[PDB]
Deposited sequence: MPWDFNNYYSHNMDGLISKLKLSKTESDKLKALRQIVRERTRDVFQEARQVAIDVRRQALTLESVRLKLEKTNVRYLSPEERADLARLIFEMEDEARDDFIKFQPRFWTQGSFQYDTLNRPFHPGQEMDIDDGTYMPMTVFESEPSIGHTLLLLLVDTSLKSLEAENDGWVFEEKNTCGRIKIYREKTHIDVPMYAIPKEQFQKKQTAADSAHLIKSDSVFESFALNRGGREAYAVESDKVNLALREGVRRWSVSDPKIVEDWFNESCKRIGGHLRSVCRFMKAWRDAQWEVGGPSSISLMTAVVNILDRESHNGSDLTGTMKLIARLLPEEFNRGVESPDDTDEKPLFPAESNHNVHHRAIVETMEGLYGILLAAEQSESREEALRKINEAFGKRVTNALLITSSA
């Protein structure tokens, strides 16, 4: 049978090389992130100035709106400009004091932070940067002091101003963040908005929600970051590799949608924690993962953040048809890895395993007899 260890891990031409970004590419994403950060800083500063002038100069609501229409708030729709005008006009002294005193902070969460960001594969897919905006403020036991709509409209202001001023830059509203899509760079940047104490305890990291009936959700991304980094320590460095590969498999099977990265990561560490394996043997390890992955999602995948009320993926008895489509797709993986392994020719093995991870590795000479 064929060994795929070099298919997976060979420098420059192996799968990890096709997935992982170079320093040049990473620096590009950082530069793109910096553009969004600086603009959001500007927007917050512009808003803060008007927030100052409100109580300072006893402004009318109209005077507030007209000032905001000299800033980046210009690019919101009329109702949104009026709404932000009202919010800044009528924010309480305590909330106003916080807003004026503190600048927003920026910290990246997700795969760009714990190094699992893959290159995109299908034409529509994009590299994903999760850069959160954090506002220091009084955070009571019940909720943050500053209204969630205000902060969300300031994020929208930033991204919509970037959209309006740049071609290829398109704003998209998600449930948990504002997203700016940069077509020319095959990159989009997710901007979740957070409220945090100004005095960071994870029990006070509040995420501002954009859809539904709940305004805030206590969700510290640091918890997932800490959990995954500790998992890499516990299981071994090959965890990032096998997580990258599974995400690559997901990107190959789904142009859009499919199981989330977090659920994939959690399922993999659950397997690798439970089952004895050889980290150095990526061929066997990936085969182990593929075999057991559907049963993990059948068992249900609980969030590594215990504060979450719902699991990342329900138990089988709670699976809807969309869940089943995912699991049945997962069941297909193990068969692909074994057919490749038992392919009669070397070029046949490559084409077969590339049905799982997509045509990225093209060098059949990486495949060696076991």
- Where the deposited sequence has no C-alpha coordinates (positions from 1, in order): 1, 201-235, 407
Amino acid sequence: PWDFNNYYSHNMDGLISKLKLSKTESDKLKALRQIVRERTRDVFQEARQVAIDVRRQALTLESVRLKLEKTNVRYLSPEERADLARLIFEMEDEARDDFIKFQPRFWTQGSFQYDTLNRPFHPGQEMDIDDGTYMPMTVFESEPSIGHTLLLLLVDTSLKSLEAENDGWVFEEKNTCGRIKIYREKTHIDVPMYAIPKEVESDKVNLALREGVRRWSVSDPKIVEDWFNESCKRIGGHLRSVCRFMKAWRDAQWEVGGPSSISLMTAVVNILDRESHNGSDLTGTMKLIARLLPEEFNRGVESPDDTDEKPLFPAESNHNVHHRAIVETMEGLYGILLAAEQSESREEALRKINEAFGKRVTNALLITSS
From here on, numbers count along this sequence of modelled residues.
- Looking at the deposited entry, does 344-352 or 357-365 carry the larger mean Cα B-factor? 344-352
- Query: Mean C-alpha B factor from the entry: is it higher for 187-195 or for 226-234?
  - Reply: 226-234
- Task: Sort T329, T40, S303, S317 by C-alpha B-factor from the entry and give me just the highest.
- Result: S317
- Per the coordinate record, which of the options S142, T133, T157, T116 holds the highest CA temperature factor? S142
- Just say lowest, middle or highest third for the CA B-factor of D97 relative to the other modelled residues in its chain. middle
- Query: Is the Cα B-factor recorded for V54 in the lowest, middle or highest third of its chain?
  - Reply: highest
- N72 CA temperature factor, ranked by third within the chain: middle
- Lowest, middle or highest third of the chain for the C-alpha temperature factor of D251? lowest
- The third of the chain into which the C-alpha temperature factor of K20 falls is the middle
